[PDB]
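Novice: What follows is target.txt, made up of compact mmCIF, N, CA, C and O atoms:
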# COMPACT_ATOMS: atom_id res chain seq x y z
N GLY A 1 -3.71 -7.36 -7.66
CA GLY A 1 -3.06 -6.02 -7.45
C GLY A 1 -2.92 -5.67 -5.98
O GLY A 1 -3.08 -6.53 -5.12
N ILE A 2 -2.67 -4.39 -5.71
CA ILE A 2 -2.49 -3.91 -4.34
C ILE A 2 -3.71 -4.09 -3.44
O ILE A 2 -3.57 -4.38 -2.26
N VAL A 3 -4.90 -3.95 -4.01
CA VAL A 3 -6.13 -4.11 -3.23
C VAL A 3 -6.27 -5.56 -2.78
O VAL A 3 -6.67 -5.84 -1.65
N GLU A 4 -5.91 -6.47 -3.68
CA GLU A 4 -5.97 -7.90 -3.41
C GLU A 4 -4.96 -8.30 -2.33
O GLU A 4 -5.28 -9.10 -1.45
N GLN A 5 -3.76 -7.73 -2.39
CA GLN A 5 -2.69 -8.04 -1.43
C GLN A 5 -2.73 -7.30 -0.09
O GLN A 5 -2.25 -7.81 0.92
N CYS A 6 -3.32 -6.10 -0.08
CA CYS A 6 -3.37 -5.29 1.13
C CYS A 6 -4.72 -4.97 1.72
O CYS A 6 -4.82 -4.68 2.91
N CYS A 7 -5.77 -5.02 0.90
CA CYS A 7 -7.10 -4.73 1.38
C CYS A 7 -7.91 -5.98 1.66
O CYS A 7 -8.37 -6.19 2.79
N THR A 8 -8.06 -6.84 0.65
CA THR A 8 -8.82 -8.08 0.85
C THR A 8 -8.04 -9.07 1.70
O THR A 8 -8.63 -9.95 2.32
N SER A 9 -6.72 -8.96 1.70
CA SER A 9 -5.91 -9.82 2.55
C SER A 9 -4.98 -8.90 3.34
O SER A 9 -4.93 -7.69 3.09
N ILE A 10 -4.27 -9.45 4.33
CA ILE A 10 -3.39 -8.64 5.15
C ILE A 10 -2.17 -8.14 4.40
O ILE A 10 -1.50 -8.89 3.69
N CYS A 11 -1.93 -6.84 4.52
CA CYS A 11 -0.82 -6.16 3.88
C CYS A 11 0.51 -6.45 4.60
O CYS A 11 0.54 -7.06 5.67
N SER A 12 1.61 -6.04 3.98
CA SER A 12 2.93 -6.22 4.55
C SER A 12 3.80 -5.10 4.00
O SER A 12 3.46 -4.52 2.97
N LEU A 13 4.89 -4.78 4.69
CA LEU A 13 5.80 -3.73 4.24
C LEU A 13 6.49 -4.11 2.92
O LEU A 13 6.71 -3.27 2.05
N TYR A 14 6.80 -5.40 2.77
CA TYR A 14 7.43 -5.92 1.57
C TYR A 14 6.58 -5.58 0.34
O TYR A 14 7.10 -5.07 -0.65
N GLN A 15 5.28 -5.86 0.42
CA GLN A 15 4.35 -5.58 -0.67
C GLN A 15 4.13 -4.09 -0.93
O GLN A 15 4.12 -3.66 -2.07
N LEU A 16 3.94 -3.32 0.14
CA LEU A 16 3.73 -1.88 0.00
C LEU A 16 4.86 -1.20 -0.76
O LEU A 16 4.61 -0.36 -1.61
N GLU A 17 6.11 -1.57 -0.45
CA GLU A 17 7.26 -1.00 -1.12
C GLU A 17 7.35 -1.33 -2.60
O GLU A 17 8.09 -0.69 -3.34
N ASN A 18 6.59 -2.34 -3.03
CA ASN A 18 6.56 -2.70 -4.45
C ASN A 18 5.84 -1.58 -5.21
O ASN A 18 5.94 -1.51 -6.43
N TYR A 19 5.12 -0.73 -4.49
CA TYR A 19 4.38 0.36 -5.11
C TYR A 19 4.98 1.76 -4.98
O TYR A 19 4.40 2.73 -5.46
N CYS A 20 6.15 1.86 -4.35
CA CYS A 20 6.85 3.14 -4.22
C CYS A 20 7.57 3.38 -5.54
O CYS A 20 7.89 2.42 -6.25
N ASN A 21 7.85 4.63 -5.85
CA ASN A 21 8.57 4.96 -7.08
C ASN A 21 10.08 4.81 -6.91
O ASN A 21 10.55 4.52 -5.79
N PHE B 1 -0.51 -0.61 11.90
CA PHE B 1 -0.04 0.37 10.87
C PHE B 1 0.02 -0.28 9.49
O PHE B 1 -0.89 -0.08 8.68
N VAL B 2 1.05 -1.08 9.24
CA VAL B 2 1.24 -1.74 7.95
C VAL B 2 0.69 -3.17 7.84
O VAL B 2 0.19 -3.57 6.79
N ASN B 3 0.76 -3.92 8.93
CA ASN B 3 0.31 -5.31 8.92
C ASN B 3 -1.14 -5.55 9.31
O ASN B 3 -1.44 -6.18 10.33
N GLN B 4 -2.03 -5.09 8.44
CA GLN B 4 -3.47 -5.21 8.64
C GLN B 4 -4.16 -5.03 7.29
O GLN B 4 -3.49 -4.91 6.26
N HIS B 5 -5.49 -5.06 7.28
CA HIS B 5 -6.24 -4.85 6.05
C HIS B 5 -6.30 -3.34 5.86
O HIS B 5 -6.79 -2.62 6.74
N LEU B 6 -5.73 -2.87 4.76
CA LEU B 6 -5.69 -1.45 4.45
C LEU B 6 -6.48 -1.20 3.18
O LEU B 6 -6.10 -1.66 2.10
N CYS B 7 -7.60 -0.49 3.30
CA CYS B 7 -8.44 -0.21 2.14
C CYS B 7 -8.72 1.28 1.98
O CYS B 7 -8.73 2.03 2.96
N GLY B 8 -8.95 1.69 0.74
CA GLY B 8 -9.26 3.07 0.44
C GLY B 8 -8.26 4.09 0.94
O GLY B 8 -7.05 3.94 0.71
N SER B 9 -8.75 5.12 1.63
CA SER B 9 -7.89 6.17 2.15
C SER B 9 -6.87 5.63 3.13
O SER B 9 -5.78 6.18 3.27
N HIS B 10 -7.21 4.53 3.80
CA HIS B 10 -6.31 3.92 4.77
C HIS B 10 -5.08 3.32 4.07
O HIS B 10 -3.96 3.41 4.59
N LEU B 11 -5.28 2.75 2.89
CA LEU B 11 -4.19 2.16 2.11
C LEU B 11 -3.33 3.27 1.52
O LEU B 11 -2.10 3.18 1.52
N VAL B 12 -3.98 4.30 1.00
CA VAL B 12 -3.31 5.45 0.39
C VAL B 12 -2.39 6.15 1.41
O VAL B 12 -1.26 6.53 1.10
N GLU B 13 -2.86 6.26 2.65
CA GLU B 13 -2.09 6.89 3.71
C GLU B 13 -0.85 6.06 4.09
O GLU B 13 0.21 6.62 4.38
N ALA B 14 -1.00 4.74 4.08
CA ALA B 14 0.11 3.83 4.39
C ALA B 14 1.20 3.98 3.33
O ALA B 14 2.38 4.07 3.66
N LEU B 15 0.80 4.02 2.06
CA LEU B 15 1.74 4.19 0.95
C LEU B 15 2.47 5.52 1.08
O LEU B 15 3.67 5.60 0.85
N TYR B 16 1.72 6.56 1.47
CA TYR B 16 2.29 7.90 1.67
C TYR B 16 3.39 7.91 2.75
O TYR B 16 4.45 8.50 2.56
N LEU B 17 3.10 7.29 3.89
CA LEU B 17 4.04 7.22 5.01
C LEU B 17 5.25 6.33 4.73
O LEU B 17 6.37 6.68 5.09
N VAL B 18 5.01 5.19 4.09
CA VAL B 18 6.09 4.26 3.78
C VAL B 18 7.01 4.74 2.65
O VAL B 18 8.23 4.77 2.82
N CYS B 19 6.44 5.17 1.53
CA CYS B 19 7.23 5.61 0.39
C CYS B 19 7.93 6.95 0.53
O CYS B 19 8.94 7.19 -0.11
N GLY B 20 7.36 7.83 1.36
CA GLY B 20 7.95 9.14 1.57
C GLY B 20 8.17 9.98 0.33
O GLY B 20 7.28 10.10 -0.52
N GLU B 21 9.36 10.56 0.22
CA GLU B 21 9.72 11.42 -0.91
C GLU B 21 9.89 10.70 -2.24
O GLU B 21 10.04 11.33 -3.28
N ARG B 22 9.89 9.37 -2.19
CA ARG B 22 10.00 8.57 -3.40
C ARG B 22 8.66 8.62 -4.13
O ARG B 22 8.60 8.53 -5.35
N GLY B 23 7.58 8.79 -3.37
CA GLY B 23 6.26 8.81 -3.96
C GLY B 23 5.80 7.39 -4.22
O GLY B 23 6.51 6.43 -3.87
N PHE B 24 4.65 7.24 -4.87
CA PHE B 24 4.10 5.92 -5.15
C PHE B 24 3.01 6.01 -6.20
O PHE B 24 2.65 7.09 -6.66
N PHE B 25 2.50 4.85 -6.59
CA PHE B 25 1.40 4.79 -7.53
C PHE B 25 0.31 3.90 -6.94
O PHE B 25 0.60 2.91 -6.27
N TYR B 26 -0.93 4.33 -7.09
CA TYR B 26 -2.08 3.61 -6.56
C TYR B 26 -2.99 3.23 -7.71
O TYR B 26 -3.57 4.09 -8.36
N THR B 27 -3.08 1.93 -7.98
CA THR B 27 -3.92 1.42 -9.06
C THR B 27 -4.93 0.43 -8.47
O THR B 27 -4.65 -0.76 -8.36
N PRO B 28 -6.12 0.92 -8.10
CA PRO B 28 -7.21 0.13 -7.52
C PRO B 28 -7.60 -1.04 -8.40
O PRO B 28 -7.75 -2.16 -7.92
N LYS B 29 -7.78 -0.76 -9.68
CA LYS B 29 -8.18 -1.79 -10.63
C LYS B 29 -7.02 -2.18 -11.54
O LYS B 29 -6.68 -1.47 -12.49
N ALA B 30 -6.41 -3.32 -11.22
CA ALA B 30 -5.28 -3.86 -11.97
C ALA B 30 -5.19 -5.37 -11.77
O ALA B 30 -5.22 -5.83 -10.60
Translate this file's structure into structure tokens.
Specialist:
Amino acid sequence: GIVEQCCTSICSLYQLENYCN
Amino acid sequence: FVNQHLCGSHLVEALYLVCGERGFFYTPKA
């Protein structure tokens, strides 16, 4: 999930936007 | 800002700034 992609590993704008509505 | 380890309130704030008026969903356990 998001914690795995952005917290435990380095985040990116591409991934963050996957969580916008 | 965006390209680093973002956890907890730090991650929530990034989603807030990036998504803007579109809003977002935060699911810690998924």
Novice: Please report the interatomic distance between atom N of residue 14 (chain A) and atom N of residue 29 (chain B) in Å with one decimal.
Specialist: 19.7 Å
Novice: Looking only at helix (DSSP H, G or I) from DSSP on the backbone, list the matching residues of chain A as a PyMOL selection string.
Specialist: chain A and resi 2-7+13-19
Novice: Rounded to one decimal place, report the atom N of residue 22 (chain B)-atom O of residue 8 (chain A) distance in Å.
Specialist: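 These atoms are spaced 27.1 Å apart.
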Novice: What's the 7 Å shell around residue 5 (chain B), counting only N, CA, C and O atoms, without same-chain residues fewer than 6 positions away, as a PDB file with N, CA, C and O atoms, keeping the file's coordinate frame?
Specialist:
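Saved result, selection-v1.pdb, follows:
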ATOM      1  N   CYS A   6      -3.320  -6.100  -0.080  1.00  0.00           N
ATOM      2  CA  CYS A   6      -3.370  -5.290   1.130  1.00  0.00           C
ATOM      3  C   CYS A   6      -4.720  -4.970   1.720  1.00  0.00           C
ATOM      4  O   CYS A   6      -4.820  -4.680   2.910  1.00  0.00           O
ATOM      5  N   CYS A   7      -5.770  -5.020   0.900  1.00  0.00           N
ATOM      6  CA  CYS A   7      -7.100  -4.730   1.380  1.00  0.00           C
ATOM      7  C   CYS A   7      -7.910  -5.980   1.660  1.00  0.00           C
ATOM      8  O   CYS A   7      -8.370  -6.190   2.790  1.00  0.00           O
ATOM      9  N   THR A   8      -8.060  -6.840   0.650  1.00  0.00           N
ATOM     10  CA  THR A   8      -8.820  -8.080   0.850  1.00  0.00           C
ATOM     11  C   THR A   8      -8.040  -9.070   1.700  1.00  0.00           C
ATOM     12  O   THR A   8      -8.630  -9.950   2.320  1.00  0.00           O
ATOM     13  N   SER A   9      -6.720  -8.960   1.700  1.00  0.00           N
ATOM     14  CA  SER A   9      -5.910  -9.820   2.550  1.00  0.00           C
ATOM     15  C   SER A   9      -4.980  -8.900   3.340  1.00  0.00           C
ATOM     16  O   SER A   9      -4.930  -7.690   3.090  1.00  0.00           O
ATOM     17  N   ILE A  10      -4.270  -9.450   4.330  1.00  0.00           N
ATOM     18  CA  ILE A  10      -3.390  -8.640   5.150  1.00  0.00           C
ATOM     19  C   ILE A  10      -2.170  -8.140   4.400  1.00  0.00           C
ATOM     20  O   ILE A  10      -1.500  -8.890   3.690  1.00  0.00           O
ATOM     21  N   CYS A  11      -1.930  -6.840   4.520  1.00  0.00           N
ATOM     22  CA  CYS A  11      -0.820  -6.160   3.880  1.00  0.00           C
ATOM     23  C   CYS A  11       0.510  -6.450   4.600  1.00  0.00           C
ATOM     24  O   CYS A  11       0.540  -7.060   5.670  1.00  0.00           O
TER      25      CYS A  11
ATOM     26  N   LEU B  11      -5.280   2.750   2.890  1.00  0.00           N
ATOM     27  CA  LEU B  11      -4.190   2.160   2.110  1.00  0.00           C
ATOM     28  C   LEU B  11      -3.330   3.270   1.520  1.00  0.00           C
ATOM     29  O   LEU B  11      -2.100   3.180   1.520  1.00  0.00           O
TER      30      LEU B  11
END
Novice: With a cut-off of 7 Å, could you pull out the residues of chain B touching chain A and give me the nearest pair of atoms for each, distance in Å to one decimal, using all atoms listed in the file, ordered by chain and ascending number, as CSV?
Specialist:
residue,atom,partner,partner_atom,distance
B:2,O,A:11,C,3.6
B:3,CA,A:11,O,3.7
B:4,O,A:11,N,3.0
B:5,CA,A:6,O,3.5
B:6,N,A:6,O,2.7
B:7,N,A:7,CA,4.7
B:8,N,A:7,CA,6.7
B:11,CA,A:6,O,6.9
B:15,CA,A:16,O,6.0
B:18,C,A:17,CA,6.9
B:19,CA,A:20,CA,5.2
B:22,O,A:21,CA,4.0
B:23,O,A:21,N,3.0
B:24,CA,A:19,O,3.2
B:25,N,A:19,O,3.1
B:26,N,A:19,O,5.8
B:27,O,A:2,N,4.9
B:28,O,A:3,N,5.2
B:29,C,A:1,CA,6.9
B:30,O,A:1,N,3.6
Novice: Using the block above, I'd like chain A written out, keeping N, CA, C and O atoms and formatting it as a short mmCIF file (atom, residue, chain, number, x, y, z; two decimals), in the first residue's frame.
Specialist:
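For reference, result.cif as written:
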data_model
loop_
_atom_site.label_atom_id
_atom_site.label_comp_id
_atom_site.auth_asym_id
_atom_site.auth_seq_id
_atom_site.Cartn_x
_atom_site.Cartn_y
_atom_site.Cartn_z
N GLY A 1 0.83 -1.24 0.00
CA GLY A 1 0.00 0.00 0.00
C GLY A 1 0.85 1.26 0.00
O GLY A 1 2.05 1.20 -0.25
N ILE A 2 0.22 2.39 0.33
CA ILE A 2 0.90 3.68 0.35
C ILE A 2 2.05 3.77 1.34
O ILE A 2 3.06 4.41 1.07
N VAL A 3 1.91 3.11 2.49
CA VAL A 3 2.96 3.13 3.51
C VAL A 3 4.19 2.41 2.98
O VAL A 3 5.33 2.84 3.19
N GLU A 4 3.95 1.30 2.28
CA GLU A 4 5.02 0.50 1.70
C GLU A 4 5.75 1.26 0.59
O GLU A 4 6.98 1.21 0.52
N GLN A 5 5.00 1.99 -0.23
CA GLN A 5 5.57 2.75 -1.35
C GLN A 5 6.15 4.13 -1.01
O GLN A 5 7.07 4.61 -1.69
N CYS A 6 5.63 4.76 0.04
CA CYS A 6 6.07 6.10 0.41
C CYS A 6 6.74 6.29 1.76
O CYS A 6 7.48 7.25 1.95
N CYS A 7 6.47 5.38 2.69
CA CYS A 7 7.07 5.48 4.01
C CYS A 7 8.27 4.55 4.18
O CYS A 7 9.37 5.02 4.48
N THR A 8 8.07 3.26 3.96
CA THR A 8 9.18 2.31 4.10
C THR A 8 10.16 2.45 2.94
O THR A 8 11.32 2.08 3.07
N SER A 9 9.69 2.94 1.80
CA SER A 9 10.59 3.18 0.68
C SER A 9 10.35 4.62 0.23
O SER A 9 9.43 5.29 0.72
N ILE A 10 11.19 5.13 -0.67
CA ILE A 10 11.06 6.50 -1.12
C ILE A 10 9.83 6.72 -1.99
O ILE A 10 9.54 5.95 -2.90
N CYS A 11 9.08 7.76 -1.63
CA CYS A 11 7.86 8.15 -2.32
C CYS A 11 8.16 8.85 -3.65
O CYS A 11 9.31 9.16 -3.97
N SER A 12 7.12 9.07 -4.45
CA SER A 12 7.25 9.74 -5.73
C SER A 12 5.91 10.40 -6.00
O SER A 12 4.90 10.00 -5.42
N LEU A 13 5.90 11.42 -6.85
CA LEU A 13 4.66 12.13 -7.20
C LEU A 13 3.70 11.20 -7.96
O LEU A 13 2.48 11.26 -7.77
N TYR A 14 4.25 10.33 -8.80
CA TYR A 14 3.47 9.38 -9.57
C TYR A 14 2.61 8.52 -8.63
O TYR A 14 1.41 8.37 -8.86
N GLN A 15 3.23 7.97 -7.59
CA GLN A 15 2.53 7.14 -6.61
C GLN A 15 1.53 7.91 -5.76
O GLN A 15 0.42 7.44 -5.53
N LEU A 16 1.93 9.08 -5.27
CA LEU A 16 1.04 9.90 -4.44
C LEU A 16 -0.27 10.21 -5.15
O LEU A 16 -1.33 10.14 -4.52
N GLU A 17 -0.20 10.56 -6.43
CA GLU A 17 -1.40 10.87 -7.20
C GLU A 17 -2.33 9.69 -7.39
O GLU A 17 -3.49 9.86 -7.77
N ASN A 18 -1.83 8.48 -7.14
CA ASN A 18 -2.66 7.29 -7.24
C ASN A 18 -3.67 7.31 -6.10
O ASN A 18 -4.66 6.58 -6.13
N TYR A 19 -3.42 8.14 -5.09
CA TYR A 19 -4.30 8.23 -3.93
C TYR A 19 -5.21 9.46 -3.86
O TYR A 19 -5.96 9.61 -2.90
N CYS A 20 -5.16 10.31 -4.88
CA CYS A 20 -6.03 11.48 -4.95
C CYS A 20 -7.37 10.99 -5.47
O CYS A 20 -7.44 9.98 -6.15
N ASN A 21 -8.43 11.73 -5.16
CA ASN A 21 -9.76 11.36 -5.63
C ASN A 21 -10.01 11.84 -7.07
O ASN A 21 -9.15 12.55 -7.63
#
